[PDB]
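Only one chain comes next, encoded as structure tokens, the form deposited in one PDB entry.
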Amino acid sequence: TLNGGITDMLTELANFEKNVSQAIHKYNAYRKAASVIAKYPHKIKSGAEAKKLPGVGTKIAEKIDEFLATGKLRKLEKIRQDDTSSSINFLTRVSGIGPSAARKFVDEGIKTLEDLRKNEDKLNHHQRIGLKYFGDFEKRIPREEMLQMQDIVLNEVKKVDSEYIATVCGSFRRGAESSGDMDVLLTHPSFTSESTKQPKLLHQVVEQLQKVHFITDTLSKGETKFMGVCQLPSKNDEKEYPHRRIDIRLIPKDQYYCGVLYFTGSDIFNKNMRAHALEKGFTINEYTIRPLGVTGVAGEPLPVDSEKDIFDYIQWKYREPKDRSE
């Protein structure tokens, strides 16, 4: 990767601001600069060259100059030395521990993996599962395994009701050679924006995937969103596969294209696109694109029959999923 040293430094700065400083706009600003530098097709030679890119300003250009000249950033060398920041940064790597809980735990003297294991009684359900699979959740998923997982989910949903449609989204749909988790978009004709003609539509799918021992744990579960844990079956005498994170989102069937646009991401791509929509006078969520009125209040949903229709409303050329990895 052409500018990997720079984008790694900006990512570490972003994480510092989110986890330690609890400065979410600085977190998003460093992420935006790292994203625009990541796609820049030249090896950056100066901070001035980088400042030409949108989202890189004076402060980050100065940090890039320091990094290019020395290979390091003093500000980060200090943060890495700092016990409190280091402990907080670590604890947020556990799923369900965010910046607030991480600082609370560090305040109570809970600062290592050992400390967490000893104090399991102070964790909520999600954090408990995140700790149990801390090691597994740090591993990437090879695309070959993503394909096996897709084949299980799609076949088990079909067994519940052949009218379900399950689509694997996220980085998988963008063509990534490895993924951090599996994201599944689910639809069923009995659930539309107009009516819900069947209860338990997500529940029945979750139950079936549990019955065949694919889903192993639940982090959170409502009528439309499931967050949990899953695992591929292994063969005789084979080492078990790592446990993996799985997210399932049931979307109204008539709102599939807004839903698949949202669930394909990337998250930075959606933020860029939704910000552009606002500049163009629309608001986009996972259900609808609506116009903004003279006062800025959302109007009625606009008709959408393809992902491209949403790009057309905001005057963007269509971008295939593989070109949305921002």
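Take the two forms, find the largest set of C-alpha atoms that superpose within 1.5 Å, and that set is the rigid core. Sequential numbering from 1, following the sequence displayed.
Below: the form deposited in another entry, not depicted.
A displacement of less than 2 angstroms separates the C-alpha positions of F16 between this form and the one not shown, with the rigid core held in common. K118: CA moves less than 2 Å between this form and the one not shown after rigid-core fitting. Relative to the superposed rigid core, the position of the CA of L73 differs between this form and the one not shown by 2 Å or more. In comparison with the shown form, the Cα-Cα distance of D267 and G98 increases by at least 3 angstroms in the other form. Here's the thing about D305 and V160: their CA atoms end up at least 3 Å closer in the other form than they are in this form.
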